[PDB]
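Residues per chain, in single letters:
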Amino acid sequence: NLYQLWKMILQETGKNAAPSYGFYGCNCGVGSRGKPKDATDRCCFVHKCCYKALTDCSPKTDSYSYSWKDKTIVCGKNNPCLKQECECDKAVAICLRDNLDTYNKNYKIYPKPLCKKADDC
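Residues numbered from 1 in each chain as written, not as in the entry; some residues may be left out. Heavy atoms only, no water. Residues with missing side-chain atoms left out of burial classes, pairs and counts.

Determination of this PDB entry was carried out by X-ray crystallography to a resolution of 2.08 Å, according to the record.

Below, the structure written as structure tokens:
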């Protein structure tokens, strides 16, 4: 669910996901995909594409189980759709964390409607 996604992002990046990534670039947080403004944004493009595989579960409201080991995310015992979902969230939290020397506070709150239309997943 959203709570788990947000917790992972906080755990991996050290930032609160709502203010820091809820409106970032053309892809992070609210709204649809768009042509990515940078690497942080790209993590979010891939993540929204990853959510396209969730045929029988809602990434927003369906809870999955995962553990947060010594700085490590491990997706738990889940049904197949929730497995996919957790792995989507895990990959975005690790991806965001990974490009943190490129995060652009200018993109934090982006005029998403002006974005170039997104390529096909």
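1. Quick word on helix α1 (residues 2–13)
Every α-helical turn comprises 3.6 residues, leaving residues that sit three or four positions apart pointing alike. Using the following cut-off: Helix and strand definitions here come from DSSP, where helices need a minimum of 4 consecutive H or I residues and strands a minimum of 2 consecutive E residues; each element is numbered from the N-terminal end. By definition here, a helix of n residues has an expected span of 1.5 Å times n minus one. The buried label goes to any residue with under 20% of its type's maximum accessible area, the exposed label to any with over 50%, and the partly exposed label to all in between, with areas taken from a 1.4 Å probe on protein chains only. The directions from the helix axis to the C-beta atoms are what the arc is built from. What makes two residues a contact is simply this: any of their non-hydrogen atoms within 4.5 Å.
Its twelve residues place the ends of α1 16 Å apart at the C-alpha level, agreeing with the 16 Å of an ideal helix rising 1.5 Å per residue. Within the span of α1, buried status applies to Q4, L5, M8, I9, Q11, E12 and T13. Within α1, the buried residues cover an arc of 165° as seen down the axis, which keeps them to one side. Of the surrounding secondary structure, the elements contacted by the buried residues of α1 are α2 (17–21), α3 (39–50), β1 (66–68), β2 (73–75) and α4 (80–98). One or two positions beyond α1, positive phi appears at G14, with a value near 75°.

2. Describing the pattern of salt bridges
This is how the line gets drawn: We count a salt bridge whenever a side-chain nitrogen from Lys or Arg sits within 4 Å of a carboxyl oxygen from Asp or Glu.
This structure, assessed with the given rule, holds two salt bridges. Between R97 and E12 there is a salt bridge whose closest N-O contact spans 3.6 Å. Pair noted here: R97 is in helix α4 and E12 is in helix α1, with a separation of 85 residues, a long-range link. You can call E12 buried: its relative accessible area is 6%. When the shortest N-O distance is used, the salt bridge between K69 and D70 registers 3.5 Å.

3. With respect to the UniProt feature "disulfide bond" in the chain
Where we set the bar: Note on terminology: disulfide denotes any pair of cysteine sulfur atoms within 2.5 Å. UniProt positions are given in the numbering used here, feature names are shortened, and annotations may be inferred rather than shown by experiment.
With a threshold of 2.5 Å on the sulfur distance, the UniProt-listed cystine of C50 and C88 is realised in this model at 2.0 Å. Of this pair, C50 sits in helix α3 while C88 is found in helix α4, placing the two residues 38 residues apart along the sequence. For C50, a relative accessible area of 28% translates into the label partly exposed. Judged by relative accessible area, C88 falls into the buried class, the value being 1%. For the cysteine pair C57 and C81, annotated in UniProt as disulfide-bonded, the sulfur atoms lie 2.0 Å apart, consistent with the bond being present in this model.

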